[PDB]
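Below sits a lone chain in structure tokens, taken as the form deposited in one PDB entry.
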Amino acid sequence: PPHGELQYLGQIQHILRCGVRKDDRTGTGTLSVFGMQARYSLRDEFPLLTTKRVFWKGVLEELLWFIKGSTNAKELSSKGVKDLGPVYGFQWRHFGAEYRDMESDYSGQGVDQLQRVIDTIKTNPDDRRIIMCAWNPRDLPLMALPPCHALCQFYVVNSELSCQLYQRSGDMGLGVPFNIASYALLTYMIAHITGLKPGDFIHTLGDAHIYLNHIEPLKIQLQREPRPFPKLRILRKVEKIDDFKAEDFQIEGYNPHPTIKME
């Protein structure tokens, strides 16, 4: 059976060949295709890309940060990837709640989208509404009813948990490999505390794009052969989503090609 990273490589190749020129909001050029989808098995493997080394520590650390609902950059400062008000954390844990301070008590204020996903999996695994959204923080003061940046839908059949991420746009060079790992990790976490096995991660894009200055690096990456995906081990029986710590996770057999710096 074919290696799942081949889907990601084929999407890069399709955009390089068939993408059209389109500016982003800063007027920076991309090659763009609208509407894409890839499926990554989470069964006995973990889709951390191998055609370049992906910074797994930052994936883990930043997800854990989102899970505690933090609006404080310092809790993410001296770790790897370098007073807020929004971010994916506050929206995942406290949606629509009156913001006051970053050192403020928000316990049971707003909608807890993440706990609601977990509770629904437990109370009604057949539910077609197991959905959590994240917003780009810059959109929040911009308009009423601002559109989400990303919607994540979970799905359960035969004791397997699957996840589909819809992103309205996806930076294929930098953001996409990191998001694949991120939502695959989230799925592993939620599966673990709901007593299910990870199933599939489906990645769906609106504007799938490559920045012009990533073209040469990505063209080199395209000629690298994927190595078998690693496995992800959770080292401890963990009971609630808030209990996970970085040390509960071990990536095993990760054997990637060298780091590529995009930009």
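Start at 1 with the first residue shown and count on from there. Think of the rigid core as the biggest set of C-alphas that the two forms share within 1.5 Å after superposition.
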Completion exercise
Here the number of deposited-sequence residues unresolved in the coordinates between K82 and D83 is 10 or more
Exercise for the section: Determine, for stretches 233 to 241 and 27 to 35, which one has the higher mean CA B-factor as deposited. Expected result: 233 to 241
Handout entry: Entry-level comparison of average CA B-factors, 147 to 155 and 73 to 81, reporting the higher stretch
Key = 73 to 81
Problem - Which of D126, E160, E98, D171 ranks first by CA B-factor in the deposited coordinates - result: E98
Problem - Top Cα B factor in the deposited entry, candidates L114, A184, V87, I190 - result: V87
Handout entry: Lowest, middle or highest third - CA B-factor, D200
Key = lowest
Practice task
Taking the values exactly as deposited, rank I121 by C-alpha B-factor within its chain and report the matching third: lowest, middle or highest.
Solution key: lowest
Handout entry: Chain-wide C-alpha B factor ranking for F55, given as lowest, middle or highest third
Key = middle
Exercise for the section: Using the B-factor values recorded in the entry, state whether the Cα atom of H209 falls in the lowest, middle or highest third among the modelled residues of its chain. Expected result: lowest
Exercise for the section: Using the B-factors in the PDB entry, rank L140's C-alpha atom against the chain and give the third, lowest, middle or highest. Expected result: highest
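Separately, the form deposited in another entry exists; it is not shown, and the next lines address it.
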Exercise for the section: After fitting the rigid core, tell me which of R25, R21, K240, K245 has its Cα displaced by at least 2 Å between the shown form and the other one. Expected result: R25
Problem - Core-aligned C-alpha movement of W135 between the shown form and the other one reaching 2 Å - result: yes
Handout entry: Threshold 2 Å Cα movement between the shown form and the other one at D105, rigid core reference
Key = yes
Practice task
Align both forms on the core first, then report whether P125 has a C-alpha shift of 2 Å or more between the shown form and the other one.
Solution key: no
Exercise for the section: Taking the shown form as the reference, report whether the CA atoms of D112 and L142 lie closer or farther apart in that other deposited form; the distance changes by 3 angstroms or more. Expected result: closer
Problem - Distance trend in that other deposited form - C-alpha atoms of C148 and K57, change of 3 Å or more - result: closer
